[PDB]
Amino acid sequence: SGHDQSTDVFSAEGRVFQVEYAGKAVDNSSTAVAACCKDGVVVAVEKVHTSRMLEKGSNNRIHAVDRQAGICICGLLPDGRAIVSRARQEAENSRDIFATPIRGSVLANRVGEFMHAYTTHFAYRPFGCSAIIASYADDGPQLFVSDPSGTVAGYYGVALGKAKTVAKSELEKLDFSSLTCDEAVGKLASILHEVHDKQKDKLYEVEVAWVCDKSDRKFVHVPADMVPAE
Amino acid sequence: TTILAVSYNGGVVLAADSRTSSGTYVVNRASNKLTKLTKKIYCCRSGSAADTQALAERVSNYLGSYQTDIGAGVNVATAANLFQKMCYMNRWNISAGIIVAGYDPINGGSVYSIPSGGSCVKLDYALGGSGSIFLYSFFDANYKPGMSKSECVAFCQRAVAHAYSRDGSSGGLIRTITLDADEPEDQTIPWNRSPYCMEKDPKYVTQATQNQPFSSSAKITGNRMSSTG
Ligand SMILES: *[B]([O])([O])[C]([C][C]([C])[C])[N]C(=O)[C]([C]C1=[C][C]=[C][C]=[C]1)[N]C(=O)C1=[C]N=[C][C]=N1
C-alpha cells in the first residue's frame, strides 16, 4: 500500500521497505568477493559487459579513495560513485585537518553514516549499492562492507552479488591466516570463473585490486598478467 | 615570557616561567603557561594571554572529540596542525607564539614550534617568547643533544633561569613537566631556589665605582659610602 513508498515509514512490524527494496538492487548485481591476507586485502569483481565494443577499463567498479584505501562498490554503479566521491572527501579531511591518514575502521564508519542519512528523510532514497572498503592503515589490513541500511561490519572475507551464497562457501575453504596476497589473486579470480555462468551473458571479465606490503602499502590495480586466464 | 621545549630519547621536557605582565606591572606572578591538550601532549603559550587561551581550549576540544571518535591515541603532528590552521587564519587579529611538544607511541617525542607568523617547524628543541632571544647563544654553547630525562630537567631549569635574569618581561616561578611513556611528572621550583640569579652571582658583588670621593688624584678608589669619609 502506502507503507512502502518512502523511507520515513516504519511498517506494522518495524521494518523499512525502501531500504530492503534497495537491498534487492545489490542482490541482482554482479558478483563481488574479497579476502584479508594477513599483510593486506585483495578485492575482485566481475564486470558484466553488455556489448563487445566496450573499451578495456570501462565501468571499473574499483576506485581508489586514499593512497592506502579504496572502495569497490557492488550494486548500482552511479549510486556508488556518490559514495566514492563522499569517502574521498572524508579522507581528504583527515589529511588536510588532522595531518594523518584515515584509519580503516574510521573511513568505513563515515561511509555507513552517509548511507544511513539518506534512509531517514522523506525526500531521499537509499543507495542501491554495497560498498566494500579495503584499507591498510596504521591499524593493519581492514576489510569492511557497508550495506544500503548503513550497517558496517569488519569481515575476513565477503561475497556480494547474485551468487553470493555459492561464493561464500568457496571462501570457507581458504585460510585467511596463512593466506598471502601472492596466491589469493589466483584463488579469488578462480572463484568468479566457477561461481558465474556464461549461459546468461557472453562478455564477462574480472577486475582485481589489492593493497599490501609488496605494493608499498598503496592501493593499486593489478598488472594485467597476474590474473588467471579463465 | 620565556618558553622552551627540549627533546630527549624518551620524550620531551616543557619549560616556562610564570608571569603575565600588563606592560610594566606584574598582574600575575604565578601564571601557568603549560597548557594541557591531551594527557601526553601539551603546549607552551606566549604572547597575548587571552588570544592564546582561546586557541588552546578550542584545539583541546577538537582534539578530545577526535580521540573519542578514533578510539586510539592522538599523534602530536595531529595537534600541531590544529594550531597552525588557527594561527594562520587569525594571524592579523591575534598575537600567538605557541610551542607544541608531546609524546605519541608512533613517533616518540615531538617538538613543534609555531611562531606568530603561523608557520609550523618540527624541531629537536624550540624557543619562544620575548625572553627567548637570550637563549640562542646559550644553547649554541652549553647544549649538547642526547641528554637523559634527569639531565634535561636540570638543564631547562637552568636555561629559563638565565632567561628571566636579564629579561624584564619574564620572571617568577619555573614550571617544568616531562611527557614520555610514563606518567607526566611536573615540577615547580621557586625563585629563591632557582639555579641562577644575578643577585647571588659572585661577579656582580662589587659595585661599579660611579660615586667617586672628591679627591686630589685621578686614582680611582671606589665609591663614597659615608659623608665623613
Ligand atoms: B608572556 O609575558 O609573553 C605572557 C604570555 C601569556 C600567554 C601567558 N604574556 C603577557 O604577559 C601579556 C603581556 C605581553 C607581554 C609581552 C608580549 C606580549 C604580551 N599579558 C597580558 O596579555 C595581560 C595583561 N593584562 C591583563 C591580562 N593579561
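Going down the list, the sequences are from chains g and h. The deposited numbering applies: residue 6 is where the first sequence begins, and numbers increase by one. The deposited numbering applies: residue 55 is where the second sequence begins, and numbers increase by one. Every residue, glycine too, gets a C-beta built ideally from N, C-alpha and C.
- Selection g/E51, g/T125, g/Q23 evaluated against g/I196 yields g/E51 as nearest (Cα-Cα).
- Residue pairing by DSSP puts h/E239 in a beta bridge opposite h/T232.
- A contact between stretches requires three or more CB pairs, one per stretch, nearer than 8 Å, and the region 73-81 of chain g meets this requirement with the region 212-219 of chain g.
- Between the region 138-150 of chain h and the region 83-97 of chain h there are fewer than three C-beta pairs closer than 8 Å, too few to call the two in contact.
- In the DSSP assignment, h/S100 falls outside any alpha helix (DSSP H) and lies within the beta strand (DSSP E) extending over 95-101.
- The Cβ-Cβ distance between g/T12 and g/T156 does not fall below 8 Å.
- g/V38 is positioned such that its CB atom lies no closer than 8 Å to that of g/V190.
- Not one heavy atom of ligand 1 is found less than 7 Å from the C-beta of h/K90.
- Of the heavy atoms belonging to ligand 1, none sits nearer than 7 Å to the Cβ of h/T242.
- For a Cβ distance threshold of 8 Å, nothing in chain h lies close to g/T36: the least Cβ distance comes to about 33 Å.
- Its chain contains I148, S149, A150 as the residues whose beta carbon lies nearer than 7 Å to that of h/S102, once the 5 sequence neighbours on both sides are disregarded; these appear in chain order.
- Each residue's CA atom was taken as its position, placing g/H226 and h/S186 some 53 Å apart.
- Taking the CA atoms as reference points, h/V207 sits about 56 Å from g/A49.
- A distance below 8 Å between beta-carbons, with the five flanking residues on each side excluded, links h/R212 to the following residues of its chain, in chain order: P249, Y250.
- Per DSSP, h/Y116 is one residue of the alpha helix (DSSP H) stretching across 105-124.
- For h/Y62, no CB of chain g lies under 8 Å from its own CB, so it is not counted at the interface with that chain.
- At a cut-off of 8 Å, the C-beta of g/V111 has a neighbouring C-beta in chain h.
- Comparing alpha-carbon positions, the option among h/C174, h/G162, h/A195 lying closest to h/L136 turns out to be h/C174.
- Within the DSSP bridge table, the entry for h/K139 names no partner.
- Contact annotation for g/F103 against chain h: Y120, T132, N135 [CB-CB distance below 7 Å, chain order].
- The alpha-carbon of h/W146 is positioned some 25 Å away from that of h/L177.
- Residue range 82-101 is occupied by the alpha helix (DSSP H) that includes g/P83.
- Relative to the non-hydrogen atoms of ligand 1, the Cβ of h/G183 comes within a distance shorter than 7 Å of at least one.
- Shortest gap from the CB of h/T78 to any heavy atom of ligand 1: 7 Å or more.
- If you ignore the 5 residues before and after h/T242, its C-beta comes within less than 6 Å of the C-beta of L227, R229, all in its own chain and listed in chain order.
- For the 8 Å CB-CB criterion, g/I102 and g/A142 do not form a contact.
- Ranked by Cα distance from g/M231, the first of g/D187, g/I137, g/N98 is g/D187.
- The beta carbon of g/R72 sits no closer than 8 Å to any beta carbon of chain h.
- Beta-bridge partners of g/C134 (DSSP): g/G80.
- When the alpha-carbon of g/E25 is set against those of g/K207, g/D202, g/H121, the nearest one is in g/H121.
- The beta carbon of g/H198 sits closer than 8 Å to those of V211, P233, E235, all from its chain and outside the five residues before and after it, given in chain order.
- Of the heavy atoms belonging to ligand 1, none sits nearer than 7 Å to the Cβ of h/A69.
- Just so you know, the alpha carbons of g/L179 and g/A69 end up roughly 26 Å apart.
- Look at h/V81 here: in three-state DSSP terms it is strand.
- Collapsing the DSSP output to three states places g/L112 in a helix.
- Listed in chain order, the positions of the region 213-230 of chain g with a beta carbon within less than 9 Å of a beta carbon of chain h would be empty, since no residue qualifies.
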